[PDB]
$ cat entry_5.cif   # mmCIF, N, CA and C atoms
data_final
#
loop_
_atom_site.label_atom_id
_atom_site.label_comp_id
_atom_site.auth_asym_id
_atom_site.auth_seq_id
_atom_site.Cartn_x
_atom_site.Cartn_y
_atom_site.Cartn_z
N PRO A 214 -4.12 12.18 -2.56
CA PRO A 214 -5.00 11.34 -1.72
C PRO A 214 -6.31 10.95 -2.45
N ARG A 215 -7.13 11.97 -2.85
CA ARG A 215 -8.47 11.77 -3.48
C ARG A 215 -9.38 10.91 -2.54
N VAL A 216 -9.45 11.33 -1.25
CA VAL A 216 -9.98 10.48 -0.15
C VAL A 216 -11.49 10.10 -0.32
N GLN A 217 -11.71 8.81 -0.62
CA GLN A 217 -13.02 8.13 -0.51
C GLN A 217 -13.07 7.35 0.82
N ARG A 218 -11.96 6.64 1.10
CA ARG A 218 -11.79 5.82 2.33
C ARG A 218 -10.39 6.06 2.96
N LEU A 219 -10.24 5.57 4.20
CA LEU A 219 -8.98 5.69 4.96
C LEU A 219 -7.98 4.59 4.52
N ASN A 220 -6.97 4.98 3.72
CA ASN A 220 -5.95 4.06 3.18
C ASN A 220 -4.70 4.83 2.70
N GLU A 221 -3.54 4.15 2.68
CA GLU A 221 -2.26 4.76 2.24
C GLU A 221 -1.32 3.68 1.64
N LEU A 222 -0.78 2.81 2.52
CA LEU A 222 0.13 1.72 2.13
C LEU A 222 -0.64 0.39 2.10
N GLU A 223 -0.93 -0.15 3.31
CA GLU A 223 -1.82 -1.33 3.52
C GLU A 223 -1.33 -2.64 2.81
N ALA A 224 -0.75 -3.53 3.62
CA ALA A 224 -0.31 -4.88 3.23
C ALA A 224 0.25 -5.60 4.47
N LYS A 225 -0.67 -6.20 5.24
CA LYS A 225 -0.35 -6.93 6.49
C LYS A 225 0.62 -8.08 6.22
N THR A 226 0.19 -9.01 5.35
CA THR A 226 1.06 -10.07 4.82
C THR A 226 1.60 -9.64 3.45
N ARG A 227 2.87 -9.20 3.40
CA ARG A 227 3.43 -8.51 2.22
C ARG A 227 3.58 -9.44 0.99
N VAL A 228 4.17 -10.64 1.19
CA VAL A 228 4.42 -11.61 0.10
C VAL A 228 3.08 -12.16 -0.51
N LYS A 229 2.06 -12.33 0.35
CA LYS A 229 0.71 -12.79 -0.07
C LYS A 229 -0.07 -11.68 -0.80
N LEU A 230 -0.04 -10.47 -0.23
CA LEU A 230 -0.55 -9.22 -0.87
C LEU A 230 0.27 -8.80 -2.12
N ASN A 231 1.45 -9.41 -2.33
CA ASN A 231 2.33 -9.08 -3.48
C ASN A 231 1.76 -9.70 -4.78
N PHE A 232 0.95 -10.75 -4.61
CA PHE A 232 0.09 -11.31 -5.67
C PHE A 232 -0.87 -10.22 -6.25
N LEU A 233 -1.33 -9.28 -5.39
CA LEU A 233 -2.12 -8.10 -5.82
C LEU A 233 -1.25 -7.06 -6.57
N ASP A 234 0.05 -6.97 -6.22
CA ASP A 234 1.02 -6.12 -6.95
C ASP A 234 1.40 -6.72 -8.34
N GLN A 235 1.31 -8.06 -8.47
CA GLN A 235 1.55 -8.77 -9.76
C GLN A 235 0.46 -8.41 -10.79
N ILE A 236 -0.82 -8.47 -10.37
CA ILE A 236 -1.97 -8.06 -11.21
C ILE A 236 -2.06 -6.51 -11.35
N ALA A 237 -1.50 -5.75 -10.37
CA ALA A 237 -1.36 -4.26 -10.47
C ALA A 237 -0.50 -3.84 -11.68
N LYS A 238 0.47 -4.69 -12.03
CA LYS A 238 1.31 -4.51 -13.23
C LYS A 238 0.49 -4.69 -14.54
N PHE A 239 -0.60 -5.48 -14.47
CA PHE A 239 -1.56 -5.68 -15.60
C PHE A 239 -2.50 -4.45 -15.77
N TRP A 240 -2.81 -3.75 -14.65
CA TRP A 240 -3.71 -2.56 -14.64
C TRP A 240 -2.95 -1.21 -14.60
N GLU A 241 -1.61 -1.27 -14.59
CA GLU A 241 -0.74 -0.07 -14.49
C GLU A 241 -1.00 0.95 -15.63
N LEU A 242 -1.17 0.44 -16.87
CA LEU A 242 -1.38 1.29 -18.08
C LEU A 242 -2.88 1.56 -18.35
N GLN A 243 -3.76 0.91 -17.56
CA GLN A 243 -5.22 1.13 -17.65
C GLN A 243 -5.66 2.31 -16.76
N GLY A 244 -4.94 2.50 -15.63
CA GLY A 244 -5.25 3.55 -14.65
C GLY A 244 -6.44 3.22 -13.73
N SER A 245 -7.05 2.04 -13.93
CA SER A 245 -8.23 1.59 -13.15
C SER A 245 -7.83 1.22 -11.70
N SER A 246 -8.66 1.64 -10.73
CA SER A 246 -8.39 1.44 -9.29
C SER A 246 -8.47 -0.05 -8.88
N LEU A 247 -7.31 -0.70 -8.89
CA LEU A 247 -7.16 -2.09 -8.41
C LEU A 247 -6.84 -2.10 -6.89
N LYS A 248 -6.95 -3.30 -6.26
CA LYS A 248 -6.61 -3.53 -4.83
C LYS A 248 -7.60 -2.77 -3.90
N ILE A 249 -8.87 -2.63 -4.36
CA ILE A 249 -9.97 -1.99 -3.58
C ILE A 249 -11.04 -3.07 -3.16
N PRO A 250 -10.78 -3.87 -2.08
CA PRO A 250 -11.68 -4.97 -1.64
C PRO A 250 -12.77 -4.49 -0.66
N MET A 251 -12.32 -4.12 0.55
CA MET A 251 -13.18 -3.78 1.69
C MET A 251 -13.51 -2.29 1.67
N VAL A 252 -14.29 -1.93 0.64
CA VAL A 252 -14.75 -0.56 0.36
C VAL A 252 -15.56 0.03 1.54
N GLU A 253 -16.24 -0.85 2.29
CA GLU A 253 -16.95 -0.45 3.51
C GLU A 253 -15.99 -0.49 4.72
N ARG A 254 -15.34 -1.65 4.95
CA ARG A 254 -14.53 -1.91 6.18
C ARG A 254 -13.29 -0.99 6.32
N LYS A 255 -13.03 -0.15 5.28
CA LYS A 255 -12.04 0.97 5.29
C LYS A 255 -10.60 0.47 5.02
N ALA A 256 -10.25 -0.71 5.55
CA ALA A 256 -8.99 -1.44 5.24
C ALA A 256 -9.10 -2.17 3.88
N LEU A 257 -7.99 -2.78 3.42
CA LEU A 257 -7.93 -3.45 2.09
C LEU A 257 -7.21 -4.83 2.21
N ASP A 258 -7.98 -5.92 2.15
CA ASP A 258 -7.45 -7.31 2.19
C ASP A 258 -8.15 -8.17 1.10
N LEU A 259 -7.68 -8.04 -0.17
CA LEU A 259 -8.27 -8.79 -1.31
C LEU A 259 -7.87 -10.27 -1.24
N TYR A 260 -6.63 -10.55 -0.77
CA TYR A 260 -6.10 -11.92 -0.63
C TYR A 260 -7.08 -12.86 0.15
N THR A 261 -7.36 -12.51 1.42
CA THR A 261 -8.26 -13.33 2.29
C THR A 261 -9.72 -13.31 1.78
N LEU A 262 -10.17 -12.16 1.23
CA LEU A 262 -11.54 -11.99 0.67
C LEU A 262 -11.73 -12.90 -0.59
N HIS A 263 -10.63 -13.09 -1.35
CA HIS A 263 -10.60 -13.93 -2.58
C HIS A 263 -10.71 -15.43 -2.22
N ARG A 264 -10.13 -15.78 -1.06
CA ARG A 264 -10.24 -17.14 -0.47
C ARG A 264 -11.68 -17.39 0.05
N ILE A 265 -12.29 -16.36 0.67
CA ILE A 265 -13.70 -16.41 1.14
C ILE A 265 -14.67 -16.70 -0.03
N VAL A 266 -14.60 -15.86 -1.09
CA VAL A 266 -15.43 -15.99 -2.32
C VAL A 266 -15.28 -17.40 -2.95
N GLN A 267 -14.04 -17.91 -2.97
CA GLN A 267 -13.71 -19.24 -3.52
C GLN A 267 -14.37 -20.38 -2.69
N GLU A 268 -14.30 -20.27 -1.35
CA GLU A 268 -14.90 -21.26 -0.43
C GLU A 268 -16.45 -21.14 -0.36
N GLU A 269 -17.01 -19.99 -0.78
CA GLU A 269 -18.47 -19.84 -1.01
C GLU A 269 -18.89 -20.53 -2.33
N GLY A 270 -17.94 -20.61 -3.30
CA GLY A 270 -18.16 -21.36 -4.56
C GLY A 270 -17.46 -20.75 -5.78
N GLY A 271 -16.49 -19.83 -5.57
CA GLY A 271 -15.84 -19.08 -6.67
C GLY A 271 -16.70 -17.91 -7.17
N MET A 272 -16.08 -16.87 -7.74
CA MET A 272 -16.79 -15.62 -8.14
C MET A 272 -17.92 -15.86 -9.18
N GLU A 273 -17.67 -16.77 -10.14
CA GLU A 273 -18.60 -17.08 -11.26
C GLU A 273 -19.87 -17.80 -10.74
N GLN A 274 -19.66 -18.88 -9.97
CA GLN A 274 -20.77 -19.70 -9.43
C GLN A 274 -21.54 -18.94 -8.31
N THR A 275 -20.82 -18.19 -7.45
CA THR A 275 -21.43 -17.33 -6.39
C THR A 275 -22.29 -16.19 -7.00
N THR A 276 -21.94 -15.74 -8.22
CA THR A 276 -22.77 -14.80 -9.02
C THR A 276 -24.10 -15.47 -9.48
N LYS A 277 -24.01 -16.73 -9.95
CA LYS A 277 -25.20 -17.52 -10.37
C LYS A 277 -26.11 -17.85 -9.15
N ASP A 278 -25.48 -18.17 -8.01
CA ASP A 278 -26.16 -18.40 -6.72
C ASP A 278 -26.68 -17.08 -6.09
N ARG A 279 -26.02 -15.95 -6.44
CA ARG A 279 -26.33 -14.59 -5.92
C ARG A 279 -26.09 -14.48 -4.39
N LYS A 280 -25.08 -15.24 -3.88
CA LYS A 280 -24.74 -15.30 -2.43
C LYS A 280 -23.71 -14.21 -2.00
N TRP A 281 -23.49 -13.18 -2.84
CA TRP A 281 -22.55 -12.05 -2.53
C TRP A 281 -22.96 -11.27 -1.25
N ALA A 282 -24.26 -11.34 -0.90
CA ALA A 282 -24.78 -10.85 0.40
C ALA A 282 -24.09 -11.57 1.58
N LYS A 283 -24.04 -12.92 1.49
CA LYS A 283 -23.48 -13.78 2.56
C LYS A 283 -21.93 -13.69 2.61
N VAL A 284 -21.30 -13.46 1.44
CA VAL A 284 -19.84 -13.18 1.35
C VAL A 284 -19.48 -11.91 2.16
N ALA A 285 -20.38 -10.90 2.10
CA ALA A 285 -20.26 -9.67 2.90
C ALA A 285 -20.45 -9.94 4.42
N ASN A 286 -21.34 -10.90 4.78
CA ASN A 286 -21.53 -11.32 6.21
C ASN A 286 -20.25 -11.95 6.82
N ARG A 287 -19.44 -12.64 5.98
CA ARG A 287 -18.21 -13.35 6.43
C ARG A 287 -17.16 -12.41 7.08
N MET A 288 -17.08 -11.16 6.59
CA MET A 288 -16.16 -10.12 7.14
C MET A 288 -16.91 -9.02 7.92
N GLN A 289 -18.19 -9.27 8.22
CA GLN A 289 -19.07 -8.35 8.97
C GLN A 289 -19.19 -6.95 8.31
N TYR A 290 -19.55 -6.95 7.02
CA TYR A 290 -20.09 -5.75 6.34
C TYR A 290 -21.56 -5.50 6.81
N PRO A 291 -22.10 -4.25 6.63
CA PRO A 291 -23.56 -4.03 6.62
C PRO A 291 -24.18 -4.74 5.38
N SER A 292 -24.64 -5.99 5.58
CA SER A 292 -25.04 -6.89 4.48
C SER A 292 -26.28 -6.36 3.72
N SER A 293 -26.01 -5.59 2.66
CA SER A 293 -27.02 -5.10 1.71
C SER A 293 -26.81 -5.73 0.32
N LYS A 294 -27.87 -5.72 -0.50
CA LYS A 294 -27.82 -6.14 -1.91
C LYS A 294 -26.86 -5.20 -2.70
N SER A 295 -26.83 -3.91 -2.29
CA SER A 295 -25.93 -2.89 -2.88
C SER A 295 -24.44 -3.21 -2.60
N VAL A 296 -24.13 -3.53 -1.32
CA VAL A 296 -22.78 -3.93 -0.87
C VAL A 296 -22.29 -5.20 -1.61
N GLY A 297 -23.17 -6.21 -1.68
CA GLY A 297 -22.88 -7.46 -2.40
C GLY A 297 -22.66 -7.25 -3.91
N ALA A 298 -23.44 -6.33 -4.51
CA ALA A 298 -23.33 -5.97 -5.95
C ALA A 298 -22.04 -5.17 -6.24
N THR A 299 -21.57 -4.38 -5.25
CA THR A 299 -20.29 -3.63 -5.34
C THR A 299 -19.10 -4.61 -5.43
N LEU A 300 -19.10 -5.62 -4.54
CA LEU A 300 -18.06 -6.68 -4.50
C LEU A 300 -18.12 -7.56 -5.77
N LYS A 301 -19.35 -7.90 -6.20
CA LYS A 301 -19.61 -8.71 -7.41
C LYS A 301 -19.02 -8.04 -8.67
N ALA A 302 -19.46 -6.80 -8.93
CA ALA A 302 -19.03 -6.01 -10.10
C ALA A 302 -17.50 -5.78 -10.10
N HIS A 303 -16.94 -5.54 -8.90
CA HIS A 303 -15.48 -5.31 -8.72
C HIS A 303 -14.66 -6.58 -9.08
N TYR A 304 -15.19 -7.77 -8.77
CA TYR A 304 -14.57 -9.06 -9.17
C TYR A 304 -14.72 -9.32 -10.69
N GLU A 305 -15.92 -9.01 -11.23
CA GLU A 305 -16.24 -9.19 -12.66
C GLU A 305 -15.25 -8.42 -13.58
N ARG A 306 -15.10 -7.11 -13.31
CA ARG A 306 -14.26 -6.20 -14.14
C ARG A 306 -12.75 -6.50 -14.05
N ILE A 307 -12.32 -7.16 -12.98
CA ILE A 307 -10.88 -7.35 -12.69
C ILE A 307 -10.38 -8.75 -13.08
N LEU A 308 -11.19 -9.78 -12.81
CA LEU A 308 -10.77 -11.18 -13.03
C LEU A 308 -11.06 -11.63 -14.48
N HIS A 309 -12.15 -11.12 -15.11
CA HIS A 309 -12.55 -11.56 -16.48
C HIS A 309 -11.56 -11.15 -17.63
N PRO A 310 -10.91 -9.93 -17.62
CA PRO A 310 -9.77 -9.64 -18.55
C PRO A 310 -8.45 -10.36 -18.14
N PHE A 311 -8.27 -10.63 -16.83
CA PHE A 311 -7.04 -11.25 -16.28
C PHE A 311 -7.11 -12.80 -16.26
N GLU A 312 -8.30 -13.38 -16.56
CA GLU A 312 -8.49 -14.86 -16.53
C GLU A 312 -7.75 -15.57 -17.69
N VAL A 313 -7.16 -14.77 -18.61
CA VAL A 313 -6.20 -15.26 -19.63
C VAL A 313 -5.00 -15.97 -18.93
N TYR A 314 -4.59 -15.42 -17.78
CA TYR A 314 -3.58 -16.03 -16.88
C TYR A 314 -4.20 -17.20 -16.06
N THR A 315 -5.32 -16.92 -15.35
CA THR A 315 -5.92 -17.87 -14.35
C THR A 315 -6.65 -19.07 -15.01
N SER A 316 -6.75 -19.06 -16.35
CA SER A 316 -7.30 -20.20 -17.13
C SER A 316 -6.38 -21.43 -17.00
N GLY A 317 -5.11 -21.27 -17.41
CA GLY A 317 -4.09 -22.31 -17.24
C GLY A 317 -3.50 -22.35 -15.83
N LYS A 318 -3.41 -21.17 -15.17
CA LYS A 318 -2.84 -21.04 -13.80
C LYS A 318 -3.95 -20.73 -12.77
N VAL A 319 -4.78 -21.74 -12.49
CA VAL A 319 -5.87 -21.64 -11.49
C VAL A 319 -5.29 -21.81 -10.05
N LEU A 320 -5.03 -20.67 -9.38
CA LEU A 320 -4.35 -20.63 -8.06
C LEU A 320 -5.40 -20.57 -6.89
#
$ encode --input "entry_5.cif" --output "structure tokens"
Amino acid sequence: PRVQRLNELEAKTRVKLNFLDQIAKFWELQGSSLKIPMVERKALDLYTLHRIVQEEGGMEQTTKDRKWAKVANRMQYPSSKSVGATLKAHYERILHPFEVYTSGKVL
């Protein structure tokens, strides 16, 4: 378990969340904790949260705007600079090594 938050299986929409299992195959030999979105909200929905960040302006431009506070308001987090920085750093470490794929395949 190694319990930080309440989680076990978690995948409401399986085929859409399976996109997170595709990138999990990229982090399988790294051992790094992937598929950890709603670190506060206790559940895990990176798919819909990734659409939110994109409609705010994408992870890169929303970092320049520093609107990660307001991205946290969209799913009703306790909107802190710390909470926004947790989501920011988590996107930075995961998408920037994997953008070798998303460069030509911008989904």
$ residues_near_point --input "entry_5.cif" --point "(-25.7, -10.3, 4.0)" --cutoff "8 Å" --atoms "only C-alpha atoms" --output "list in words"
residues 281, 282, 283, 284, 285, 286, 290, 291, 292, 293, 294 and 297 of chain A
$ write_last_selection --input "entry_5.cif" --atoms "N, CA and C atoms" --output "CSV table (one decimal), keeping the file's coordinate frame"
chain,number,residue,atom,x,y,z
A,281,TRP,N,-23.5,-13.2,-2.8
A,281,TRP,CA,-22.6,-12.0,-2.5
A,281,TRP,C,-23.0,-11.3,-1.2
A,282,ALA,N,-24.3,-11.3,-0.9
A,282,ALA,CA,-24.8,-10.8,0.4
A,282,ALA,C,-24.1,-11.6,1.6
A,283,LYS,N,-24.0,-12.9,1.5
A,283,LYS,CA,-23.5,-13.8,2.6
A,283,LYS,C,-21.9,-13.7,2.6
A,284,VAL,N,-21.3,-13.5,1.4
A,284,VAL,CA,-19.8,-13.2,1.4
A,284,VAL,C,-19.5,-11.9,2.2
A,285,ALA,N,-20.4,-10.9,2.1
A,285,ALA,CA,-20.3,-9.7,2.9
A,285,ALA,C,-20.4,-9.9,4.4
A,286,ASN,N,-21.3,-10.9,4.8
A,286,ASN,CA,-21.5,-11.3,6.2
A,286,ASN,C,-20.2,-12.0,6.8
A,290,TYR,N,-19.6,-7.0,7.0
A,290,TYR,CA,-20.1,-5.8,6.3
A,290,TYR,C,-21.6,-5.5,6.8
A,291,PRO,N,-22.1,-4.2,6.6
A,291,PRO,CA,-23.6,-4.0,6.6
A,291,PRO,C,-24.2,-4.7,5.4
A,292,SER,N,-24.6,-6.0,5.6
A,292,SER,CA,-25.0,-6.9,4.5
A,292,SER,C,-26.3,-6.4,3.7
A,293,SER,N,-26.0,-5.6,2.7
A,293,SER,CA,-27.0,-5.1,1.7
A,293,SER,C,-26.8,-5.7,0.3
A,294,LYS,N,-27.9,-5.7,-0.5
A,294,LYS,CA,-27.8,-6.1,-1.9
A,294,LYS,C,-26.9,-5.2,-2.7
A,297,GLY,N,-23.2,-6.2,-1.7
A,297,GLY,CA,-22.9,-7.5,-2.4
A,297,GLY,C,-22.7,-7.2,-3.9
$ resolve_selection --input "entry_5.cif" --expression "the PyMOL selection byres ((chain A and resi 259) around 8)" --output "MDAnalysis selection string"
chainID A and resid 229:230 233 248:251 256:258 260:265
$ atom_distance --input "entry_5.cif" --atom1 "atom CA of residue A:219" --atom2 "atom C of residue A:255"
5.5 Å
$ closest_residue --input "entry_5.cif" --among "A:266, A:252, A:313, A:236" --to "residue A:217" --atoms "only C-alpha atoms"
A:252
$ atom_distance --input "entry_5.cif" --atom1 "atom CA of residue A:289" --atom2 "atom C of residue A:246"
22.4 Å
$ atom_distance --input "entry_5.cif" --atom1 "atom CA of residue A:244" --atom2 "atom N of residue A:309"
16.2 Å
$ axis_aligned_box --input "entry_5.cif" --around "stretch 296-302 of chain A" --padding-each-side "4 Å" --output "AutoDock Vina command-line options"
--center_x -20.8 --center_y -6.1 --center_z -5.5 --size_x 14.6 --size_y 13.2 --size_z 17.2
$ select_by_dssp --input "entry_5.cif" --residues "chain A" --states "helix (DSSP H, G or I)" --output "number ranges by chain"
A: 227-240, 259-269, 272-278, 281-287, 294-315
$ closest_residue --input "entry_5.cif" --among "A:253, A:268, A:234, A:273" --to "residue A:218" --atoms "only C-alpha atoms"
A:253
$ resolve_selection --input "entry_5.cif" --expression "the PyMOL selection byres (((chain A and resi 320 and name CA) around 12) and name CA)" --output "list in words"
residues 232, 260, 263, 264, 267, 271, 312, 314, 315, 316, 317, 318 and 319 of chain A
$ closest_residue --input "entry_5.cif" --among "A:242, A:305, A:295, A:227" --to "residue A:272" --atoms "all atoms listed in the file"
A:305
$ closest_residue --input "entry_5.cif" --among "A:237, A:226, A:231, A:220" --to "residue A:311" --atoms "only C-alpha atoms"
A:237
$ decode --input "entry_5.cif" --residues "stretch 232-281 of chain A" --atoms "C-alpha atoms" --output "short mmCIF file (atom, residue, chain, number, x, y, z; two decimals), in the first residue's frame"
data_model
loop_
_atom_site.label_atom_id
_atom_site.label_comp_id
_atom_site.auth_asym_id
_atom_site.auth_seq_id
_atom_site.Cartn_x
_atom_site.Cartn_y
_atom_site.Cartn_z
CA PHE A 232 -3.90 6.55 -22.28
CA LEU A 233 -2.35 6.87 -18.72
CA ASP A 234 -1.44 3.11 -18.89
CA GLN A 235 0.30 3.80 -22.30
CA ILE A 236 2.65 6.41 -20.68
CA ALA A 237 2.90 4.05 -17.56
CA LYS A 238 4.80 1.70 -19.94
CA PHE A 239 7.32 4.63 -20.47
CA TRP A 240 7.80 5.01 -16.61
CA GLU A 241 7.70 1.21 -15.83
CA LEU A 242 11.58 0.88 -15.71
CA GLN A 243 12.00 4.33 -13.98
CA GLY A 244 9.89 3.33 -10.91
CA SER A 245 8.60 6.96 -10.66
CA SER A 246 5.00 7.40 -9.33
CA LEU A 247 2.90 8.12 -12.47
CA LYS A 248 -0.97 8.57 -12.62
CA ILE A 249 -0.95 10.79 -9.41
CA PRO A 250 -3.22 13.85 -10.40
CA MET A 251 -5.65 14.76 -7.57
CA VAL A 252 -3.14 14.46 -4.70
CA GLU A 253 -5.56 16.50 -2.50
CA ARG A 254 -9.00 15.27 -3.82
CA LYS A 255 -7.91 11.63 -2.89
CA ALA A 256 -9.23 10.18 -6.23
CA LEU A 257 -7.11 10.07 -9.49
CA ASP A 258 -8.40 11.57 -12.83
CA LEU A 259 -5.38 12.81 -14.94
CA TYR A 260 -7.39 12.51 -18.23
CA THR A 261 -10.03 15.25 -17.38
CA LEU A 262 -7.40 17.34 -15.41
CA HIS A 263 -5.14 17.29 -18.58
CA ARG A 264 -8.10 18.69 -20.62
CA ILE A 265 -8.62 21.43 -17.91
CA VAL A 266 -4.89 22.52 -18.03
CA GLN A 267 -5.07 22.56 -21.89
CA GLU A 268 -8.27 24.77 -21.91
CA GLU A 269 -6.53 27.13 -19.37
CA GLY A 270 -3.72 27.41 -22.02
CA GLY A 271 -1.62 24.16 -21.94
CA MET A 272 0.95 23.18 -19.20
CA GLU A 273 3.85 25.29 -20.71
CA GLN A 274 1.89 28.58 -21.24
CA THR A 275 -0.13 28.15 -17.92
CA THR A 276 3.34 27.92 -16.19
CA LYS A 277 4.37 31.28 -17.82
CA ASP A 278 0.93 32.77 -16.82
CA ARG A 279 1.31 31.08 -13.33
CA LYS A 280 -2.51 30.24 -13.36
CA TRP A 281 -1.98 26.74 -11.71
#
